[PDB]
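Text of input-v7.cif (mmCIF, C-alpha atoms (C1' of nucleotides)) as supplied:
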```cif
data_structure
#
loop_
_atom_site.label_atom_id
_atom_site.label_comp_id
_atom_site.auth_asym_id
_atom_site.auth_seq_id
_atom_site.Cartn_x
_atom_site.Cartn_y
_atom_site.Cartn_z
CA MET K 1 28.92 -88.92 156.41
CA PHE K 2 31.10 -92.02 156.09
CA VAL K 3 29.92 -95.61 155.62
CA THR K 4 32.71 -98.19 155.90
CA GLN K 5 32.33 -101.24 153.65
CA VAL K 6 34.60 -104.23 154.27
CA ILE K 7 34.67 -107.30 152.01
CA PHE K 8 35.84 -110.72 153.21
CA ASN K 9 36.82 -113.20 150.48
CA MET K 10 36.09 -116.51 152.19
CA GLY K 11 36.62 -118.24 148.84
CA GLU K 12 33.16 -119.78 148.89
CA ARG K 13 30.11 -117.56 148.52
CA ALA K 14 28.45 -117.21 151.92
CA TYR K 15 24.89 -116.85 153.14
CA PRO K 16 24.08 -113.68 155.13
CA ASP K 17 22.42 -115.42 158.08
CA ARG K 18 24.92 -118.29 158.13
CA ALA K 19 27.76 -115.75 158.11
CA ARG K 20 26.08 -113.86 160.96
CA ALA K 21 25.81 -117.03 163.04
CA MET K 22 29.38 -118.07 162.21
CA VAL K 23 30.89 -114.72 163.18
CA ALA K 24 28.75 -114.55 166.32
CA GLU K 25 30.14 -117.93 167.33
CA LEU K 26 33.64 -116.72 166.45
CA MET K 27 33.18 -113.42 168.28
CA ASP K 28 31.86 -115.24 171.37
CA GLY K 29 35.42 -116.30 172.20
CA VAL K 30 36.96 -112.83 171.82
CA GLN K 31 36.46 -109.81 174.13
CA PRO K 32 32.73 -109.55 174.92
CA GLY K 33 32.65 -105.75 174.63
CA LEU K 34 33.46 -105.86 170.93
CA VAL K 35 31.01 -108.76 170.58
CA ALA K 36 28.03 -106.86 172.00
CA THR K 37 29.10 -103.74 170.11
CA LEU K 38 29.28 -105.66 166.82
CA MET K 39 25.88 -107.34 166.99
CA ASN K 40 24.24 -104.23 168.52
CA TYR K 41 23.59 -105.99 171.84
CA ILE K 42 23.32 -104.14 175.14
CA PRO K 43 26.37 -104.96 177.33
CA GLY K 44 25.34 -107.95 179.44
CA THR K 45 22.18 -108.76 177.45
CA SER K 46 21.29 -110.03 173.97
CA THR K 47 18.43 -107.69 173.03
CA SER K 48 18.11 -105.92 169.69
CA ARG K 49 18.23 -102.17 170.23
CA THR K 50 15.30 -99.91 169.39
CA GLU K 51 17.59 -97.32 167.79
CA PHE K 52 18.65 -97.59 164.13
CA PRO K 53 21.36 -100.28 164.04
CA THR K 54 24.56 -98.87 162.57
CA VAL K 55 26.65 -102.04 162.07
CA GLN K 56 25.05 -104.63 159.78
CA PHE K 57 25.97 -107.42 157.37
CA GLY K 58 25.48 -108.27 153.71
CA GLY K 59 26.38 -110.68 150.94
CA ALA K 60 29.26 -110.78 148.49
CA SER K 61 30.34 -112.79 145.46
CA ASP K 62 32.88 -114.72 147.55
CA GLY K 63 31.97 -113.93 151.17
CA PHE K 64 30.15 -111.45 153.39
CA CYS K 65 30.30 -107.66 153.58
CA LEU K 66 30.42 -105.37 156.60
CA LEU K 67 28.33 -102.19 156.32
CA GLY K 68 28.92 -99.76 159.17
CA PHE K 69 26.61 -96.77 158.88
CA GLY K 70 27.49 -93.41 160.38
CA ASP K 71 30.73 -92.25 161.95
CA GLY K 72 30.35 -94.43 165.04
CA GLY K 73 29.49 -97.59 163.12
CA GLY K 74 32.27 -96.92 160.64
CA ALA K 75 34.76 -96.60 163.49
CA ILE K 76 33.44 -99.81 165.08
CA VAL K 77 33.93 -101.70 161.82
CA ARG K 78 37.37 -100.12 161.35
CA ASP K 79 38.73 -101.30 164.68
CA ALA K 80 36.83 -104.61 164.52
CA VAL K 81 38.13 -105.91 161.15
CA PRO K 82 41.56 -107.10 162.43
CA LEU K 83 40.07 -109.32 165.14
CA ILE K 84 37.38 -110.84 162.92
CA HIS K 85 39.93 -111.41 160.16
CA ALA K 86 42.25 -113.18 162.61
CA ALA K 87 39.33 -115.32 163.81
CA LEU K 88 38.41 -116.20 160.22
CA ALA K 89 42.03 -117.14 159.50
CA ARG K 90 42.05 -119.38 162.58
CA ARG K 91 38.74 -121.03 161.69
CA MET K 92 39.59 -121.83 158.05
CA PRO K 93 43.25 -122.87 157.73
CA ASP K 94 42.43 -124.39 154.32
CA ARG K 95 41.76 -121.05 152.59
CA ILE K 96 43.38 -117.61 152.57
CA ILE K 97 41.04 -114.82 153.69
CA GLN K 98 41.79 -111.44 152.12
CA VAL K 99 40.38 -108.04 153.09
CA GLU K 100 40.12 -104.76 151.21
CA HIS K 101 38.63 -101.67 152.85
CA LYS K 102 36.39 -99.22 150.98
CA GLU K 103 35.45 -96.03 152.84
CA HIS K 104 32.58 -94.30 151.05
CA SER K 105 31.11 -90.81 151.30
CA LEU K 106 27.39 -90.70 152.08
CA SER K 107 25.20 -87.89 150.75
CA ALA K 108 21.70 -87.34 149.40
CA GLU K 109 20.49 -84.37 147.36
CA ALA K 110 17.27 -83.37 145.62
CA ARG K 111 16.82 -82.67 141.91
CA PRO K 112 13.72 -81.77 139.88
CA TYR K 113 14.37 -84.87 137.78
CA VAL K 114 12.65 -88.07 138.90
CA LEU K 115 15.29 -90.71 139.66
CA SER K 116 14.43 -94.40 139.30
CA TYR K 117 15.99 -96.90 141.72
CA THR K 118 15.86 -100.69 141.87
CA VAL K 119 16.12 -102.86 144.99
CA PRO K 120 16.77 -106.62 144.59
CA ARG K 121 15.11 -107.90 147.77
CA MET K 122 12.33 -106.31 149.84
CA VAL K 123 10.61 -107.31 153.09
CA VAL K 124 7.30 -105.73 154.07
CA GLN K 125 5.75 -107.96 156.75
CA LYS K 126 6.63 -108.64 160.40
CA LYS K 127 3.44 -109.63 162.24
CA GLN K 128 0.11 -111.12 161.17
CA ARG K 129 -1.74 -108.18 162.72
CA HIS K 130 0.52 -106.10 160.49
CA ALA K 131 -0.22 -108.58 157.70
CA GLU K 132 -3.90 -107.77 158.28
CA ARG K 133 -2.91 -104.33 157.00
CA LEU K 134 -0.98 -106.12 154.23
CA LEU K 135 -3.98 -108.28 153.25
CA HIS K 136 -4.17 -106.40 149.93
CA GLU K 137 -1.96 -104.20 147.78
CA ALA K 138 -4.47 -101.34 148.19
CA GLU K 139 -3.13 -100.82 151.71
CA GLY K 140 0.24 -102.31 150.76
CA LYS K 141 1.36 -99.52 148.44
CA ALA K 142 1.00 -96.76 151.04
CA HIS K 143 2.92 -98.96 153.46
CA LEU K 144 5.60 -99.38 150.78
CA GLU K 145 6.61 -95.76 150.17
CA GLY K 146 5.92 -95.10 153.84
CA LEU K 147 8.55 -97.69 154.74
CA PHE K 148 10.99 -96.30 152.18
CA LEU K 149 10.64 -92.74 153.46
CA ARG K 150 10.81 -93.84 157.10
CA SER K 151 13.99 -95.85 156.47
CA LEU K 152 15.60 -92.95 154.60
CA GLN K 153 14.77 -90.51 157.40
CA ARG K 154 15.95 -92.97 160.06
CA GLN K 155 19.35 -93.50 158.45
CA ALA K 156 19.73 -89.79 157.69
CA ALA K 157 19.08 -88.95 161.35
CA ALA K 158 21.36 -91.75 162.57
CA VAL K 159 24.24 -90.49 160.42
CA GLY K 160 23.25 -86.85 160.97
CA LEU K 161 22.68 -86.07 157.29
CA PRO K 162 20.09 -83.43 156.32
CA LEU K 163 17.55 -84.75 153.84
CA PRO K 164 15.44 -83.01 151.17
CA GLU K 165 12.26 -81.91 152.94
CA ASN K 166 10.30 -82.06 149.65
CA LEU K 167 10.82 -85.73 148.80
CA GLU K 168 8.16 -87.82 147.05
CA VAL K 169 9.08 -91.50 146.67
CA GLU K 170 6.84 -93.60 144.40
CA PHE K 171 6.89 -97.37 144.06
CA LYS K 172 6.79 -98.47 140.41
CA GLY K 173 6.45 -102.23 140.04
CA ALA K 174 7.46 -105.76 140.93
CA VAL K 175 9.22 -108.65 139.21
CA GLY K 176 9.63 -111.56 141.62
CA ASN K 177 8.75 -112.73 145.12
CA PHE K 178 10.74 -114.54 147.80
CA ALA K 179 10.51 -115.40 151.51
CA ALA K 180 12.28 -113.89 154.52
CA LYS K 181 13.26 -116.23 157.37
CA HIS K 182 14.56 -114.71 160.60
CA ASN K 183 15.92 -117.73 162.47
CA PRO K 184 16.66 -121.32 161.42
CA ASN K 185 14.22 -122.60 164.06
CA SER K 186 11.44 -120.18 163.08
CA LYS K 187 8.74 -121.64 160.84
CA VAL K 188 7.40 -118.23 159.78
CA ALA K 189 8.56 -116.82 156.45
CA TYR K 190 8.09 -113.07 156.14
CA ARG K 191 6.98 -111.35 152.95
CA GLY K 192 9.61 -111.04 150.24
CA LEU K 193 9.52 -109.33 146.84
CA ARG K 194 12.23 -109.47 144.17
CA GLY K 195 13.01 -107.01 141.40
CA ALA K 196 11.37 -104.05 143.12
CA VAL K 197 11.66 -100.67 141.40
CA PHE K 198 10.59 -97.25 142.66
CA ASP K 199 10.93 -93.59 141.69
CA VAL K 200 12.45 -90.99 144.01
CA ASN K 201 12.94 -87.25 143.43
CA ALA K 202 16.53 -87.20 144.68
CA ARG K 203 20.02 -88.27 143.64
CA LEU K 204 21.02 -90.90 146.19
CA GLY K 205 24.71 -91.23 147.01
CA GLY K 206 26.60 -93.80 149.02
CA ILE K 207 24.64 -96.87 150.12
CA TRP K 208 21.09 -96.75 151.48
CA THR K 209 18.88 -99.41 153.04
CA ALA K 210 15.19 -100.24 153.33
CA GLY K 211 13.09 -102.96 154.90
CA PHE K 212 13.18 -104.36 158.43
CA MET K 213 15.70 -105.73 160.94
CA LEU K 214 18.86 -104.12 159.58
CA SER K 215 20.99 -106.57 161.60
CA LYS K 216 20.96 -109.33 158.96
CA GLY K 217 21.73 -107.75 155.58
CA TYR K 218 18.57 -108.02 153.47
CA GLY K 219 16.94 -105.15 151.56
CA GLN K 220 20.23 -103.37 150.90
CA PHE K 221 21.16 -101.48 147.74
CA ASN K 222 24.14 -99.39 146.63
CA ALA K 223 23.05 -96.14 145.00
CA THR K 224 26.61 -95.24 143.97
CA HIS K 225 27.34 -98.30 141.83
CA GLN K 226 23.75 -98.53 140.52
CA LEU K 227 24.13 -95.34 138.41
CA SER K 228 20.65 -93.89 137.67
CA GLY K 229 17.98 -93.54 135.00
"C1'" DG Q 1 21.70 -88.93 135.34
"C1'" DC Q 2 28.32 -93.80 139.15
"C1'" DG Q 3 32.73 -94.58 143.24
"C1'" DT Q 4 36.45 -96.89 146.76
"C1'" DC Q 5 41.60 -98.48 147.01
"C1'" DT Q 6 45.96 -95.30 145.91
"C1'" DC Q 7 46.44 -89.90 148.01
"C1'" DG Q 8 55.16 -92.25 148.36
"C1'" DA Q 9 59.44 -93.23 150.78
"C1'" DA Q 10 65.07 -92.03 151.89
"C1'" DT Q 11 68.83 -89.69 151.45
"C1'" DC Q 12 71.47 -85.22 150.64
"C1'" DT Q 13 70.60 -80.84 154.73
"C1'" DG Q 14 78.89 -78.05 151.16
"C1'" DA Q 15 83.73 -77.18 150.75
"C1'" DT Q 16 88.41 -73.57 150.20
"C1'" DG Q 17 90.86 -68.82 150.07
"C1'" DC Q 18 90.45 -63.85 150.81
"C1'" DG Q 19 89.62 -62.29 155.84
"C1'" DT Q 20 93.87 -54.63 152.53
"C1'" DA Q 21 97.40 -51.31 150.81
"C1'" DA Q 22 99.78 -46.04 150.61
"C1'" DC Q 23 99.59 -41.05 151.94
"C1'" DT Q 24 97.67 -37.41 155.20
"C1'" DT Q 25 100.09 -37.19 160.42
"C1'" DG Q 26 98.15 -28.05 159.61
"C1'" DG Q 27 98.84 -23.35 158.66
"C1'" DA Q 28 98.69 -17.51 160.23
"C1'" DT Q 29 97.28 -14.08 163.13
"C1'" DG Q 30 95.61 -11.07 167.34
"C1'" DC Q 31 102.07 -4.35 169.26
"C1'" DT Q 32 102.45 0.37 169.81
"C1'" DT Q 33 105.55 4.16 169.17
"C1'" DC Q 34 108.50 7.28 166.52
"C1'" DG Q 35 110.00 9.50 162.48
"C1'" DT Q 36 109.21 11.08 157.82
"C1'" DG Q 37 106.50 12.28 154.22
"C1'" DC Q 38 102.06 12.93 151.94
"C1'" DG Q 39 97.28 14.17 151.20
"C1'" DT Q 40 93.41 17.76 152.49
#
```
Can the structure in the file be given as structure tokens, please?
Amino acid sequence: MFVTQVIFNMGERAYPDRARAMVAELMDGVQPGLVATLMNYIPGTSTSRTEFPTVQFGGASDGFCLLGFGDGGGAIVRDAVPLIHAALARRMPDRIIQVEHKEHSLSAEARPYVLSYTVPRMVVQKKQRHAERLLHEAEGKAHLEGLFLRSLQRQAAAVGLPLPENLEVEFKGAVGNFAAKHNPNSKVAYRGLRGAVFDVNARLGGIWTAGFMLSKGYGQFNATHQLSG
DNA sequence: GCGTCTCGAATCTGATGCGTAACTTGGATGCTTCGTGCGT
């Protein structure tokens, strides 16, 4: 029930995707086993795994953050930080990279009270045939709480955490919209919504995630530091 | 109707004398007859 969060203070605030590319280039030199383990690539290939990715990325005020879900992903992050830190030190000799490790406890429990949660960035579209289902909010809303519940169940199963069988998550409203871009060469921008708020009948602990393509660092939110309503 | 980091470490971890003295130290008894009085 442990999710290991590691913060790298590059000195300059870093993009998620740019950080992913930079570390992938840096990892490419070092032992390939750790490389393929880190970016969830099958040994010998470069394919994204069907199963819930456990090691992912994320932004920070002065760098990028490592989020290793589950016991296995936490262990991978724990024995991978020294090598990536050494690589970062080698790559930037003009700045001092500093690392602090925060090992969190992950748990989720149900309460009769309705708990309101906010997510900064949301992605709800992958393919145009799926966007045909997203053509209007009438079909969009069901897809929304469906995605939230599916993501919660997926991460609970991946970390082996029992989840309240009587959950009812309800999307509340929207504030802003953005665009999600998978690769620099890709012209397609996926759907993106900012200031998303939803109601859930459970007290969420640790850090949870929702959206698509966990391996970049979008759609993340810390339930612990967000308090509640 | 919030949490991580922290969540010790290194000694020391006995030493010395005193660590018996004096007496007591066994005793006694395991025969039957003969003569002279003394109680039934």
- Task: Evaluate the PyMOL selection byres ((chain Q) within 8 of (chain K)) and record the selected residues as JSON, numbers by chain, following the chain and residue labels used in the document.
- Result: {"Q": [1, 2, 3, 4, 5]}
Residues returned when the PyMOL selection byres ((chain K and resi 56) around 9) runs on this file, as an mmCIF file with C-alpha atoms, keeping the file's coordinate frame:
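Result went into part_22.cif, see below:
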```cif
data_model
loop_
_atom_site.group_PDB
_atom_site.id
_atom_site.type_symbol
_atom_site.label_atom_id
_atom_site.label_comp_id
_atom_site.auth_asym_id
_atom_site.auth_seq_id
_atom_site.Cartn_x
_atom_site.Cartn_y
_atom_site.Cartn_z
ATOM 1 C CA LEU K 38 29.280 -105.660 166.820
ATOM 2 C CA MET K 39 25.880 -107.340 166.990
ATOM 3 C CA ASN K 40 24.240 -104.230 168.520
ATOM 4 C CA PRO K 53 21.360 -100.280 164.040
ATOM 5 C CA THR K 54 24.560 -98.870 162.570
ATOM 6 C CA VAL K 55 26.650 -102.040 162.070
ATOM 7 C CA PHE K 57 25.970 -107.420 157.370
ATOM 8 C CA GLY K 58 25.480 -108.270 153.710
ATOM 9 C CA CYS K 65 30.300 -107.660 153.580
ATOM 10 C CA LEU K 66 30.420 -105.370 156.600
ATOM 11 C CA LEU K 67 28.330 -102.190 156.320
ATOM 12 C CA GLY K 68 28.920 -99.760 159.170
ATOM 13 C CA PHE K 69 26.610 -96.770 158.880
ATOM 14 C CA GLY K 73 29.490 -97.590 163.120
ATOM 15 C CA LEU K 214 18.860 -104.120 159.580
ATOM 16 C CA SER K 215 20.990 -106.570 161.600
ATOM 17 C CA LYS K 216 20.960 -109.330 158.960
ATOM 18 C CA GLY K 217 21.730 -107.750 155.580
#
```
With the file shown as input, list the residues that the PyMOL selection byres ((chain K and resi 196-202) around 8) selects, as a PDB file with C-alpha atoms, in the coordinates of the input.
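File expr_3.pdb, as written:
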```
ATOM      1  CA  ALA K 108      21.700 -87.340 149.400  1.00  0.00           C
ATOM      2  CA  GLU K 109      20.490 -84.370 147.360  1.00  0.00           C
ATOM      3  CA  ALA K 110      17.270 -83.370 145.620  1.00  0.00           C
ATOM      4  CA  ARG K 111      16.820 -82.670 141.910  1.00  0.00           C
ATOM      5  CA  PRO K 112      13.720 -81.770 139.880  1.00  0.00           C
ATOM      6  CA  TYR K 113      14.370 -84.870 137.780  1.00  0.00           C
ATOM      7  CA  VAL K 114      12.650 -88.070 138.900  1.00  0.00           C
ATOM      8  CA  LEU K 115      15.290 -90.710 139.660  1.00  0.00           C
ATOM      9  CA  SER K 116      14.430 -94.400 139.300  1.00  0.00           C
ATOM     10  CA  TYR K 117      15.990 -96.900 141.720  1.00  0.00           C
ATOM     11  CA  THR K 118      15.860-100.690 141.870  1.00  0.00           C
ATOM     12  CA  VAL K 119      16.120-102.860 144.990  1.00  0.00           C
ATOM     13  CA  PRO K 120      16.770-106.620 144.590  1.00  0.00           C
ATOM     14  CA  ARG K 121      15.110-107.900 147.770  1.00  0.00           C
ATOM     15  CA  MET K 122      12.330-106.310 149.840  1.00  0.00           C
ATOM     16  CA  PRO K 164      15.440 -83.010 151.170  1.00  0.00           C
ATOM     17  CA  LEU K 167      10.820 -85.730 148.800  1.00  0.00           C
ATOM     18  CA  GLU K 168       8.160 -87.820 147.050  1.00  0.00           C
ATOM     19  CA  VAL K 169       9.080 -91.500 146.670  1.00  0.00           C
ATOM     20  CA  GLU K 170       6.840 -93.600 144.400  1.00  0.00           C
ATOM     21  CA  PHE K 171       6.890 -97.370 144.060  1.00  0.00           C
ATOM     22  CA  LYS K 172       6.790 -98.470 140.410  1.00  0.00           C
ATOM     23  CA  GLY K 173       6.450-102.230 140.040  1.00  0.00           C
ATOM     24  CA  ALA K 174       7.460-105.760 140.930  1.00  0.00           C
ATOM     25  CA  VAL K 175       9.220-108.650 139.210  1.00  0.00           C
ATOM     26  CA  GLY K 176       9.630-111.560 141.620  1.00  0.00           C
ATOM     27  CA  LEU K 193       9.520-109.330 146.840  1.00  0.00           C
ATOM     28  CA  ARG K 194      12.230-109.470 144.170  1.00  0.00           C
ATOM     29  CA  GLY K 195      13.010-107.010 141.400  1.00  0.00           C
ATOM     30  CA  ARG K 203      20.020 -88.270 143.640  1.00  0.00           C
ATOM     31  CA  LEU K 204      21.020 -90.900 146.190  1.00  0.00           C
TER      32      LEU K 204
END
```
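Computed from the coordinates, the atom CA of residue 221 of chain K to atom CA of residue 156 of chain K distance equals 15.4 Å.
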Per-axis box centre and lengths in Å around segment 4-22 of chain Q, 3 Å margin per side, axis-aligned, as JSON:
```
{"center_x": 68.1, "center_y": -72.3, "center_z": 150.9, "size_x": 69.3, "size_y": 58.4, "size_z": 15.9}
```
- Message: One number please: atom CA of residue 63 of chain K to atom CA of residue 32 of chain K, in Å, one decimal.
- Response: 24.2 Å
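Take atom CA of residue 177 of chain K and atom CA of residue 50 of chain K: the distance between them is 28.2 Å.
Distances to residue 35 of chain K were evaluated for K:135, K:80, K:95, K:141 using only C-alpha atoms, and the minimum falls at K:80.
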- Message: Would you pick out the contacts of segment 157-161 of chain K at 8 Å or less, using only C-alpha atoms (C1' of nucleotides), so that residues sharing its chain but fewer than 2 positions from it are not included, and give the list as number ranges by chain?
- Response: K: 1, 52, 54, 69-71, 107, 153-155, 163
- Can you tell me, as a PyMOL selection string, which residues sit within 6 Å of (36.8, -107.3, 155.7) in the file's frame, using all atoms listed in the file? chain K and resi 6-8+81+99
Export C-alpha atoms of the chosen residues as a PDB file, in the coordinates of the input?
```pdb
ATOM      1  CA  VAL K   6      34.600-104.230 154.270  1.00  0.00           C
ATOM      2  CA  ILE K   7      34.670-107.300 152.010  1.00  0.00           C
ATOM      3  CA  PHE K   8      35.840-110.720 153.210  1.00  0.00           C
ATOM      4  CA  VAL K  81      38.130-105.910 161.150  1.00  0.00           C
ATOM      5  CA  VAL K  99      40.380-108.040 153.090  1.00  0.00           C
TER       6      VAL K  99
END
```
Fill-in result for segment 162-189 of chain K, N, CA and C atoms as an mmCIF file, keeping the file's coordinate frame:
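The resulting file, result-v1.cif, is reproduced below:
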```cif
data_model
loop_
_atom_site.group_PDB
_atom_site.id
_atom_site.type_symbol
_atom_site.label_atom_id
_atom_site.label_comp_id
_atom_site.auth_asym_id
_atom_site.auth_seq_id
_atom_site.Cartn_x
_atom_site.Cartn_y
_atom_site.Cartn_z
ATOM 1 N N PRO K 162 21.344 -84.089 156.707
ATOM 2 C CA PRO K 162 20.090 -83.430 156.320
ATOM 3 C C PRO K 162 19.538 -83.998 155.024
ATOM 4 N N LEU K 163 18.214 -84.098 154.958
ATOM 5 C CA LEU K 163 17.550 -84.750 153.840
ATOM 6 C C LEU K 163 16.571 -83.783 153.179
ATOM 7 N N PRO K 164 16.382 -83.893 151.864
ATOM 8 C CA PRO K 164 15.440 -83.010 151.170
ATOM 9 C C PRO K 164 14.036 -83.096 151.753
ATOM 10 N N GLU K 165 13.561 -81.966 152.279
ATOM 11 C CA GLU K 165 12.260 -81.910 152.940
ATOM 12 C C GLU K 165 11.095 -82.032 151.973
ATOM 13 N N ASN K 166 11.344 -81.983 150.668
ATOM 14 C CA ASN K 166 10.300 -82.060 149.650
ATOM 15 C C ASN K 166 10.428 -83.331 148.821
ATOM 16 N N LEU K 167 10.671 -84.456 149.486
ATOM 17 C CA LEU K 167 10.820 -85.730 148.800
ATOM 18 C C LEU K 167 9.469 -86.376 148.542
ATOM 19 N N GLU K 168 9.358 -87.056 147.401
ATOM 20 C CA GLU K 168 8.160 -87.820 147.050
ATOM 21 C C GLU K 168 8.615 -89.118 146.392
ATOM 22 N N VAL K 169 8.666 -90.193 147.171
ATOM 23 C CA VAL K 169 9.080 -91.500 146.670
ATOM 24 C C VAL K 169 7.841 -92.251 146.187
ATOM 25 N N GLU K 170 7.961 -92.902 145.031
ATOM 26 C CA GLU K 170 6.840 -93.600 144.400
ATOM 27 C C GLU K 170 7.290 -94.980 143.964
ATOM 28 N N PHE K 171 6.638 -96.009 144.498
ATOM 29 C CA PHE K 171 6.890 -97.370 144.060
ATOM 30 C C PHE K 171 6.364 -97.569 142.640
ATOM 31 N N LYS K 172 7.119 -98.306 141.826
ATOM 32 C CA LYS K 172 6.790 -98.470 140.410
ATOM 33 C C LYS K 172 6.221 -99.845 140.093
ATOM 34 N N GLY K 173 6.930 -100.919 140.422
ATOM 35 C CA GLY K 173 6.450 -102.230 140.040
ATOM 36 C C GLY K 173 7.232 -103.333 140.711
ATOM 37 N N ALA K 174 6.883 -104.564 140.346
ATOM 38 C CA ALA K 174 7.460 -105.760 140.930
ATOM 39 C C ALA K 174 7.832 -106.747 139.833
ATOM 40 N N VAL K 175 8.776 -107.633 140.149
ATOM 41 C CA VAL K 175 9.220 -108.650 139.210
ATOM 42 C C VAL K 175 9.052 -110.039 139.818
ATOM 43 N N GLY K 176 9.657 -110.260 140.989
ATOM 44 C CA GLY K 176 9.630 -111.560 141.620
ATOM 45 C C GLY K 176 9.265 -111.452 143.095
ATOM 46 N N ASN K 177 9.079 -112.619 143.708
ATOM 47 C CA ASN K 177 8.750 -112.730 145.120
ATOM 48 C C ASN K 177 9.625 -113.791 145.768
ATOM 49 N N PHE K 178 9.956 -113.578 147.040
ATOM 50 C CA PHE K 178 10.740 -114.540 147.800
ATOM 51 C C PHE K 178 10.180 -114.598 149.221
ATOM 52 N N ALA K 179 10.916 -115.252 150.117
ATOM 53 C CA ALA K 179 10.510 -115.400 151.510
ATOM 54 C C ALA K 179 11.657 -114.994 152.423
ATOM 55 N N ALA K 180 11.313 -114.343 153.531
ATOM 56 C CA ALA K 180 12.280 -113.890 154.520
ATOM 57 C C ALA K 180 12.142 -114.727 155.785
ATOM 58 N N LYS K 181 13.249 -115.325 156.222
ATOM 59 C CA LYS K 181 13.260 -116.230 157.370
ATOM 60 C C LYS K 181 14.244 -115.694 158.398
ATOM 61 N N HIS K 182 13.737 -115.372 159.592
ATOM 62 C CA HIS K 182 14.560 -114.710 160.600
ATOM 63 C C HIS K 182 15.551 -115.663 161.247
ATOM 64 N N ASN K 183 15.068 -116.779 161.780
ATOM 65 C CA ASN K 183 15.920 -117.730 162.470
ATOM 66 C C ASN K 183 15.770 -119.103 161.841
ATOM 67 N N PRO K 184 16.798 -119.949 161.941
ATOM 68 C CA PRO K 184 16.660 -121.320 161.420
ATOM 69 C C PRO K 184 15.522 -122.093 162.066
ATOM 70 N N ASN K 185 15.280 -121.882 163.361
ATOM 71 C CA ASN K 185 14.220 -122.600 164.060
ATOM 72 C C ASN K 185 12.835 -122.030 163.783
ATOM 73 N N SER K 186 12.744 -120.788 163.316
ATOM 74 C CA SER K 186 11.440 -120.180 163.080
ATOM 75 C C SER K 186 10.791 -120.768 161.831
ATOM 76 N N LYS K 187 9.511 -121.115 161.957
ATOM 77 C CA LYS K 187 8.740 -121.640 160.840
ATOM 78 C C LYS K 187 8.132 -120.538 159.979
ATOM 79 N N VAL K 188 8.049 -119.315 160.502
ATOM 80 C CA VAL K 188 7.400 -118.230 159.780
ATOM 81 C C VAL K 188 8.344 -117.646 158.744
ATOM 82 N N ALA K 189 7.842 -117.488 157.524
ATOM 83 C CA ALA K 189 8.560 -116.820 156.450
ATOM 84 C C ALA K 189 7.889 -115.486 156.175
#
```
